[PDB]
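Protein chains in written order, with PDB author numbering: chain G, 1 to 137, 151 to 227; chain L, 1 to 214; chain A, 197 to 243, 263 to 343; chain C, 344 to 620, 641 to 676. C-beta: ideal position from N, C-alpha, C; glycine also. Single-structure report; data block below.
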Amino acid sequence: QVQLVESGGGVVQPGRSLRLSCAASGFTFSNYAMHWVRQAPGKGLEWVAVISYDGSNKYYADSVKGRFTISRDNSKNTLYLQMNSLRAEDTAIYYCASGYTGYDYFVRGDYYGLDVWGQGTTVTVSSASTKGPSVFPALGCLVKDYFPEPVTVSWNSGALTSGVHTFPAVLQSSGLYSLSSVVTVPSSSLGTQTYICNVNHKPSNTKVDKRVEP
Amino acid sequence: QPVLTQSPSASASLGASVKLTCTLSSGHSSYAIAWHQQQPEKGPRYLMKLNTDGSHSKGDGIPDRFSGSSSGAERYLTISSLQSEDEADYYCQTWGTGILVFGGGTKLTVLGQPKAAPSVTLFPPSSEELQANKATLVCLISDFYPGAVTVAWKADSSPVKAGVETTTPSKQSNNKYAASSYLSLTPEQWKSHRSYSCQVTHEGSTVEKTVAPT
Amino acid sequence: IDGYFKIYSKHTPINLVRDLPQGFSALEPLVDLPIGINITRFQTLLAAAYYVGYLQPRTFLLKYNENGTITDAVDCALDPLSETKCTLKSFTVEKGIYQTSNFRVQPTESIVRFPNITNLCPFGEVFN
Amino acid sequence: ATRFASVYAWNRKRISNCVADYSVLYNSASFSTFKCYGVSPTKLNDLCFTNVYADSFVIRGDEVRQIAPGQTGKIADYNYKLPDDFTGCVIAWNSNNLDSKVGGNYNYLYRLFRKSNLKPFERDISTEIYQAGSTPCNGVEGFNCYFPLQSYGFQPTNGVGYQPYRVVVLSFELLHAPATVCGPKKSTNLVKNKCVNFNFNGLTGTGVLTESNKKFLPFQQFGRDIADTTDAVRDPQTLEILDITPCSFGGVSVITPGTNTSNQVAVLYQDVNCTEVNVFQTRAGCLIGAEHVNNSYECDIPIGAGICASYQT
Ligand SMILES: *[C@@H]1O[C@H](CO)[C@@H](O)[C@H](O)[C@H]1NC(C)=O
Ligand SMILES: *[C@@H]1O[C@H](CO)[C@@H](O)[C@H](O)[C@H]1NC(C)=O
Ligand SMILES: *[C@@H]1O[C@H](CO)[C@@H](O)[C@H](O)[C@H]1NC(C)=O
Ligand SMILES: *[C@@H]1O[C@H](CO)[C@@H](O)[C@H](O)[C@H]1NC(C)=O
Ligand SMILES: *[C@@H]1O[C@H](CO)[C@@H](O)[C@H](O)[C@H]1NC(C)=O
């Protein structure tokens, strides 16, 4: 059973560079073609690059031509993607993929198949500094103006879970993220029980407990 | 470089069947394609390759309710007796010269689970936020099915377009949807009106919530 | 040789009953089998008499005719006359003196000497 | 031709000591499946292997994904198993109009129940009735007694997924051996009486080739002179013997009275024939610009071979 596990991206300043990796196990890696595909947040799939099993016959999507470089180490069953001069439009999840080679009569050459997908790795390109959120107060918590993702929100130290819903982040034209966590509660519990949302942001060592009253 | 044209959305009820169609351009017609599935919060999965003659090659482990067929410049993915898990994005992809090209994708939505109009709670800016020179209006939408909504903010019945962000819907732990919207203002802007509206449109129907500074 | 099993052969008339005629013929290549066989022993197959010899890494001076065949040869290590022929690269040696080899006496032993050991460390004070 | 054999006992043909005309296989449009693993389909002619193994079998569509390294299933696991490191290409095609029968072609079987998975290239042809339970079957089918093989209902009205496909995988094996199976070789037209950059088998160089009057023995491929220089080759195709003459070259000398008298010059091309460059061919080379005359005189400027030049009125 074949598996492709991508190594990491993360956050970097535009114009810097990143090496993504793709570890392959379960098949003769050095005989298959190998792809990079990416998906911008809320966009479709976009094909990025492909490499031949040997003879390095590399091809590129033109939106990365000159900047990115595909390579492979067959002795280590590893696929690489070097990104250079990174741009905010390079923010996406990056999957690797494998396939076989066929002689398509329609192009009179070798097409590279894409029949097996990896799990993914996230690459965020921003001119923003690491920053902790502001936490302001059915009831909930407004987790305002942080960078980078992610922030976790638990309620009453996890002892409270029914009716909790943490929304996805929103990315403002400021470059900073915002999300909300809301819980619907029995209306009469307000004078007796206490509701405290626990906001946790490891990228800035910020941990905030904010109590939500009427 | 060929281009693939997919309808942006499709739906059919649980147990029904759909025919997702991916028409490649007349130029490079009779090119072979592949179908890929992307379920929510998941990586892609390879379905099958489709030749010009109607002949497929499935991956291993993909069910028989998925069949492919071919006609003219058009290619079809057919899914019989639809299930809850078949709700996903379906990307057809093809090959050019070395490079491969995806289509826009098709969001297939299963309508079998119960219809539901949205809950709309609108929060004015917390007092703690104003003392920090900021003002955000947090409008939360919950408990709707299907998860498709349009959001418009009105200040004194005037549509504000600036300072608005909105999540896209995401299902809750009770299999209904939710989404949040934000309207950023300066504290002056908050005070110097008589109201602000959050207007949520769901299947032609519209919910309206209004708050005022006091 | 280097993965190829090369077989050469010649078939000639025989006018002797129990001998190996004192004549000269060069064997022509017959086959060059591209087989990776590591061969250290061999055996013949018969349904009579035969001869078996072994090859050595020797240098020969081969005489070609106008038709590309080999008509004679000199084994450069057979004797000082064949050696002289090989040195001159001629099959006929003219009258004279030719330097053909270089005699060197080889060492028969290895003699290592260091001075006689005296002034021993007073180790027998405690160790012994 | 195809005509692939059964799947539990797939047909292995060993290909060796031959010319693999992969181009016929590449150029036709008869196939729907041509996946390749470890080799490039369009560069196959340039890849020399020691052995090519042609594994011939018929499988159903849904199992084509199983004819690959790392795959599992009823065919991949109990009938025809491929190794994870398989090197070679699987060429398969829809054979509905060749193998299918109106009543269902049940002469083709696949294993559904077997004690274990197949090893790579294992050919298991036992027909013992499989005992699924603890009750001996004793040749009688029944509960917990299932035949290890099952037939395909191949019919002309069957859908593509139930149509036969003929699959033949070319396993490419490179051993510590000469590697005797290769694709076809390029050849070009023979050009005579001109300088060309030639390559005859393994003999390369630059030169002029002409008809030879030498007689080679049946086994001699090229001729070499007393200075280890190749001077003749046998043409690999037509068994013509060609002599190799090095391309004409030589010094270029200018013969002239001094610029003090006239700025007219004559040029001598040493050892060059005049068809290769007042043109006079002499024993010293090709002399251009001088008018040769019959009257003899004392030698003025030497040109060699008794010929001398002079500036005359
Ligand atoms: C023959 O055997 C020896 C054992 O030392 C080995 O080193 C050598 O490579 C072998 N040759 C071949 C052609 O297998
Ligand atoms: C060489 O071959 C020619 C045939 O062209 C023959 O007449 C001649 O006698 C041969 N000479 C030798 C020494 O074999
Ligand atoms: C070694 O011992 C011998 C005893 O026969 C003596 O003659 C010789 O001089 C000694 N060598 C040295 C270097 O003292
Ligand atoms: C020059 O070439 C011509 C034509 O091949 C030939 O007849 C003539 O003998 C050649 N002369 C020399 C100098 O070899
Ligand atoms: C020399 O004279 C002979 C006849 O007398 C003639 O054939 C030949 O061409 C002459 N040479 C020149 C250079 O005129």
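Taking all protein chains shown into account, L/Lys-58 has 16 or more neighbouring C-beta atoms within 10 Å of its C-beta and is therefore buried. Runs of the alpha helix (DSSP H) lying entirely within the region 368-442 of chain C, each at least 4 residues long, are 417-421 and 439-442 in chain order.
The beta carbon of C/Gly-413 sits closer than 7 angstroms to those of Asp-427, all from its chain and outside the five residues before and after it, given in chain order. With a 10 Å radius around the Cβ and a threshold of 16 neighbouring Cβ atoms, G/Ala-33 comes out buried. Of the residues assessed, L/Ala-178 falls on the buried side of the cut-off, its CB having 16 or more other CB atoms within 10 angstroms.
For G/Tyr-105, the neighbours in chain C by C-beta distance under 7 angstroms run, in chain order, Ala-372. In the DSSP assignment, L/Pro-159 is bridged to L/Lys-154. Measuring C-alpha to C-alpha distances from L/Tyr-196 to each of L/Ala-152, L/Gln-93, L/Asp-86 and L/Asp-143 identifies L/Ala-152 as the nearest. For chain L, the residues of the region 487-511 of chain C that bring a beta carbon within less than 7 angstroms of one of its beta carbons are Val-503, in chain order.
Contacts with chain A at 8 angstroms (Cβ-Cβ) include C/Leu-518. Contacts with chain G (Cβ-Cβ distance below 7 angstroms) from the region 351-375 of chain C involve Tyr-369 and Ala-372, listed in chain order. As computed with DSSP, C/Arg-567 is found in a beta bridge with C/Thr-573. Between C/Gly-416 and C/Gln-498, the beta carbon gap of about 22 angstroms keeps them out of contact (Cβ cut-off 8 angstroms). For L/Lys-19, there are no C-beta contacts with chain C under 7 angstroms, since the nearest C-beta of that chain is about 16 angstroms from it.
At least one heavy atom of ligand 3 lies less than 7 angstroms from the C-beta of A/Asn-331.
For L/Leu-130, the CB contacts under 8 angstroms within the same chain, skipping 5 residues up- and downstream, are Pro-187 and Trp-190 in chain order. When the beta-carbon positions are compared, L/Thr-106 and L/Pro-8 come within less than 8 angstroms of each other.
Scanning L/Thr-23, L/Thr-78, L/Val-120 and L/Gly-54 for the CA closest to the CA of L/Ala-12 turns up L/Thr-78. Only residues of its own chain outside the window of five on either side were considered, and among them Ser-17 and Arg-65 have a CB closer than 6 angstroms to the CB of L/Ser-80, listed in chain order.
For L/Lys-58, a Cβ of chain C is located within less than 8 angstroms of the residue's own Cβ.
The alpha-carbon separation between C/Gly-667 and C/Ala-647 amounts to approximately 6 angstroms. Within a 10 Å sphere around the beta-carbon of C/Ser-443 sit 16 or more other beta-carbons, which makes this residue buried. Under the criterion of beta carbons closer than 8 angstroms, C/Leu-492 and C/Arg-454 qualify as touching, at roughly 6 angstroms.
The beta carbon of C/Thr-599 lies closer than 6 angstroms to those of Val-608 in the same chain, with the five residues before and after it left out. DSSP places G/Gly-204 in the helix class (H, G or I) of the three-state scheme. Residues are counted here when their Cβ sits less than 7 angstroms from a Cβ of chain G; for the region 373-393 of chain C these are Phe-377, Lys-378, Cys-379, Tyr-380, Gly-381, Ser-383, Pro-384 and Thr-385, given in chain order. When C-beta distances to chain C are compared with 9 angstroms, the residues of the region 18-43 of chain G below that value are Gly-26, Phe-27, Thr-28, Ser-30, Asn-31 and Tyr-32, in chain order. Of all residues in the region 126-144 of chain L, only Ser-126, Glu-128, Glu-129, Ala-132, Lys-134, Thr-136, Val-138, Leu-140 and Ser-142 place a beta-carbon less than 8 angstroms from a beta-carbon of chain G. When DSSP states are grouped into helix, strand and coil, A/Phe-275 belongs to the strand group. Contact annotation, L/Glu-85 with L/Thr-109: C-beta distance approximately 13 angstroms; criterion of less than 8 angstroms not satisfied. A Cβ-Cβ separation of about 18 angstroms leaves G/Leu-189 out of contact with G/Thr-179 under the 8 angstroms criterion.
In terms of CA proximity to C/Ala-352, C/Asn-422 leads the group C/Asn-422, C/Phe-565 and C/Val-367.
When distances are taken from the beta-carbon of C/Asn-556 to the heavy atoms of ligand 4, even the shortest one reaches 7 angstroms or more.
When the beta-carbon positions are compared, G/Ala-61 and G/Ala-49 come within less than 8 angstroms of each other. Annotation for L/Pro-169: no beta strand (DSSP E) segment contains it, and DSSP assigns it neither H nor E. For A/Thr-299, the enclosing alpha helix (DSSP H) begins and ends at 295-303.
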